[PDB]
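*Asks:* This structure is in structure tokens; I'll ask about it shortly.
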Amino acid sequence: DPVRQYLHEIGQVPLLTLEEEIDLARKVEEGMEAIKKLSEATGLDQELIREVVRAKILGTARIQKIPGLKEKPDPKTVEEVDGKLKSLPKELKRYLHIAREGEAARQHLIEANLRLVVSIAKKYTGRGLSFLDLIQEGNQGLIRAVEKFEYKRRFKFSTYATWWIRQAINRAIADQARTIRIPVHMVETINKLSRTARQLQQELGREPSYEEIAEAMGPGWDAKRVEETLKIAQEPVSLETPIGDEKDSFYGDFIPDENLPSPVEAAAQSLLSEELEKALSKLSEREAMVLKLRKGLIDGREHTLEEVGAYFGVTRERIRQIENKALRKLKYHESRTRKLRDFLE
Amino acid sequence: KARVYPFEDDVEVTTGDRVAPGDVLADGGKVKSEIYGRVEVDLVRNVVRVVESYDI
DNA sequence: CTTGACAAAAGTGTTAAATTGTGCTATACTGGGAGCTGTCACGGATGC
């Protein structure tokens with residue numbers, strides 16, 4: 001059972017005292033700024049030796065071994081760096097070790113206030129992610145708040161962390177939610193609208209008409225706007241939805257397939273094609289061939305008057321009147337024969 | 001459960017590193033740890049300790 | 001079938017207005033949560 005699993009996995013470590021908290025933040029920031037001063041040392045970048053710290057701390061080669069087929073070169077961009085600062089005097093080395101212990105501190109910190117995250121996200125169930133899923137995204141929120149927090153602020157880390165938790169959570173549900181992808185601002189305005197609708201549904205003692213709720217919103221909000229975003233609201237309905245009073249009556253197999261041709265349609269198209277194909281020979285040998293271009297027959301792509309004119313060596317005007325007389329000669333044969341009179345839709 | 005090997009100058013190794021008997025932890029090739037374990041470097045107290053840990 | 005003229009359909013270039021994606025908020029928030037029933041037969045893994 002994967003749920004109660006993490007439930008006992010979090011309580012495996014104590015949370016923290018104020019002391020431990022401040023100490024954690026202490027060695028964290030001192031470590032990171034040590035990485036800064038280290039960036040001034042061998043000329044390395046700010047973020048470079050940082051992730052390199054993860055290279056020799058978070059484990060052996062397992063870290064960058066499989067981050068997709070492309071993340072960042074291990075034997076090239078990492079290896080030499082790991083050996084470039086090994087040659088360096090006491091100062092740069094002490095800064096090194098400071099970096100190591102600092103990042104580790106970041107980790108421990110994260111786990112405690114991860115217990116915290118667990119509670120917070122535990123209150124958010126039913127967003128389309130049952131428990132862990134939700135929680136996990138929520139967790140990473142704290143992570144971003146871990147590096148952005150300062151012990152100097154004299155605030156319990158729980159506060160900052162919490163707000164960032166609700167951040168990660170709401171962004172995650174905004175980006176996942178219904179099966180149809182929806183933009184973040186869009187989701188915002190959605191839950192905004194439904195908020196209002198809820199409120200004045202309870203106040204008015206009844207459900208609001210489109211115009212009064214849309215008015216309750218503000219400027220530019222009308223019945224059509226709410227009706228619109230309401231149409232977008234509802235998600236795709238599952239095909240596996242059983243209908244009727246039985247189990248065996250399904251939904252998915254009740255949908256017609258019009259995206260593909262039908263036998264009647266296949267023979268219909270083949271028919272128009274053939275019947276018109278033989279109706280072709282009764283036209284002037286030149287004007288028929290020309291007519292195959294202007295109407296987009298030969299290669300499927302319609303050729304302009306200029307092109308067909310560039311074909312028979314005649315001006316485009318010629319091709320034009322050619323089309324007039326051709327289509328009308330055909331018109332005689334049609335109005336007479338009454339063979340192709342069908343296909344009138 | 002561990003064995004302390006306090007150094008003097010710089011260090012050869014880092015925090016987190018596997019060693020075996022007959023290795024030089026620090027001290028420019030002076031101090032030598034005899035046991036298997038993950039070496040941990042404590043800056044302030046100036047010591048590199050070998051906890052008894054097999055890399056597994 | 002032909003030349004020039006010209007209306008509209010169409011092509012292209014540049015912007016304004018909309019849509020959409022991102023980051024962050026500091027008192028303190030630090031181990032979920034919901035229940036459900038009135039078989040039956042046999043085959044297999046597993047605990048006696």
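Labels used: A, B, ... for chains in the order of the structure tokens, numbers from 1 for residues in each chain, and numbers from 1 for ligands as shown.
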Counting only C-alpha atoms (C1' of nucleotides), what is within 9 Å of residue 23 (chain B), bar same-chain residues fewer than 4 positions away, as a count of residues only?

*Replies:* 6

*Asks:* List the neighbours of residue 237 (chain A) out to 12 Å using only C-alpha atoms (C1' of nucleotides); skip same-chain residues closer than 2 positions along the sequence, and give me the result as a PDB file with C-alpha atoms, in the first residue's frame.

*Replies:*
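Contents of out.pdb, as written:
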ATOM      1  CA  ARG A 178      -9.217  18.281 -16.711  1.00  0.00           C
ATOM      2  CA  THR A 179      -8.004  16.019 -19.519  1.00  0.00           C
ATOM      3  CA  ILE A 180      -7.991  19.064 -21.801  1.00  0.00           C
ATOM      4  CA  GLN A 234     -16.657  20.555 -18.728  1.00  0.00           C
ATOM      5  CA  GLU A 235     -14.069  17.973 -19.656  1.00  0.00           C
ATOM      6  CA  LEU A 239     -16.067   6.309 -23.292  1.00  0.00           C
ATOM      7  CA  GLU A 240     -16.213   3.584 -20.672  1.00  0.00           C
ATOM      8  CA  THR A 241     -19.297   5.151 -19.110  1.00  0.00           C
ATOM      9  CA  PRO A 242     -21.813   2.328 -18.715  1.00  0.00           C
ATOM     10  CA  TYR A 251     -20.761   4.255 -24.387  1.00  0.00           C
ATOM     11  CA  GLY A 252     -17.644   4.020 -26.561  1.00  0.00           C
TER      12      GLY A 252
END

*Asks:* For residue 34 (chain A), please output as a count of residues only all residues within 8 Å (counting only C-alpha atoms (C1' of nucleotides); exclusion window: fewer than 2 positions along the same chain).

*Replies:* 10

*Asks:* Restrict the distance test to only C-alpha atoms, flag each residue of chain B within 12 Å of chain A, and return the flagged residues as a compact mmCIF listing (two decimals) with N, CA, C and O atoms, in the first residue's frame.

*Replies:*
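Final output, saved to out_30.txt:
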# COMPACT_ATOMS: atom_id res chain seq x y z
N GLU B 8 46.53 17.82 9.71
CA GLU B 8 47.18 19.11 9.96
C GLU B 8 46.97 20.06 8.77
O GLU B 8 46.32 21.10 8.91
N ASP B 9 47.51 19.70 7.60
CA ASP B 9 47.44 20.56 6.40
C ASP B 9 46.46 20.08 5.32
O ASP B 9 46.46 18.90 4.95
N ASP B 10 45.63 21.00 4.81
CA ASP B 10 44.72 20.74 3.69
C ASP B 10 43.91 19.46 3.86
O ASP B 10 43.38 19.20 4.94
N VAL B 11 43.86 18.66 2.79
CA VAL B 11 43.32 17.31 2.83
C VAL B 11 43.47 16.66 1.44
O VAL B 11 43.50 17.36 0.43
N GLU B 12 43.56 15.33 1.41
CA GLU B 12 43.54 14.56 0.17
C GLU B 12 42.12 14.22 -0.28
O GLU B 12 41.82 14.20 -1.47
N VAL B 13 41.25 13.96 0.70
CA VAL B 13 39.91 13.44 0.43
C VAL B 13 38.82 14.46 0.75
O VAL B 13 39.11 15.59 1.13
N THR B 14 37.57 14.05 0.59
CA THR B 14 36.44 14.92 0.86
C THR B 14 35.47 14.26 1.81
O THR B 14 35.72 13.15 2.31
N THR B 15 34.36 14.94 2.08
CA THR B 15 33.28 14.34 2.86
C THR B 15 32.53 13.33 2.01
O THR B 15 32.04 13.65 0.92
N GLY B 16 32.45 12.09 2.50
CA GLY B 16 31.73 11.06 1.78
C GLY B 16 32.52 10.00 1.03
O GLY B 16 31.95 9.33 0.16
N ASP B 17 33.81 9.83 1.32
CA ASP B 17 34.64 9.02 0.41
C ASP B 17 35.14 7.66 0.93
O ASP B 17 35.72 7.58 2.00
N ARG B 18 34.95 6.60 0.14
CA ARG B 18 35.32 5.25 0.57
C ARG B 18 36.82 4.99 0.64
O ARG B 18 37.56 5.28 -0.31
N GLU B 40 34.61 11.07 6.45
CA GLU B 40 33.84 12.29 6.66
C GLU B 40 34.80 13.38 7.16
O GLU B 40 35.54 13.16 8.13
N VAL B 41 34.79 14.53 6.50
CA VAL B 41 35.72 15.61 6.82
C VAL B 41 35.06 16.73 7.62
O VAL B 41 34.18 17.42 7.11
N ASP B 42 35.49 16.88 8.86
CA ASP B 42 35.00 17.95 9.72
C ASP B 42 36.07 19.04 9.79
O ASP B 42 37.17 18.83 10.33
N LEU B 43 35.72 20.18 9.19
CA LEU B 43 36.61 21.33 9.03
C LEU B 43 37.08 21.89 10.36
O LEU B 43 38.27 21.82 10.69
N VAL B 44 36.15 22.47 11.11
CA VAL B 44 36.42 23.17 12.37
C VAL B 44 37.28 22.36 13.35
O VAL B 44 38.37 22.79 13.72
N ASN B 46 38.96 19.98 12.73
CA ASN B 46 40.15 19.57 11.98
C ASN B 46 40.38 18.06 12.09
O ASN B 46 41.40 17.62 12.62
N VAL B 48 39.45 14.07 9.98
CA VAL B 48 38.76 13.23 9.01
C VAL B 48 38.51 11.86 9.63
O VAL B 48 39.46 11.11 9.88
N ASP B 55 31.03 -0.28 1.57
CA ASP B 55 30.31 0.25 0.44
C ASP B 55 29.54 -0.91 -0.15
O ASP B 55 30.13 -1.89 -0.63

*Asks:* Could you please tell me, as a PyMOL selection string, which residues of chain C have an atom within 9 Å of chain A when using only C-alpha atoms (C1' of nucleotides)?

*Replies:* chain C and resi 1-2+20-21+24-32

*Asks:* For residue 342 (chain A), list every protein, DNA or RNA residue within 12 Å, evaluated using only C-alpha atoms (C1' of nucleotides), and leave out those in the same chain fewer than 6 positions away; present the list as a ChimeraX atom specification.

*Replies:* /A:268,271-272,275,334-335

*Asks:* Quick check, in Å to one decimal: how far apart do CA of residue 171 (chain A) and CA of residue 232 (chain A) lie?

*Replies:*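 According to the coordinates, CA of residue 171 (chain A) and CA of residue 232 (chain A) are separated by 19.0 Å.
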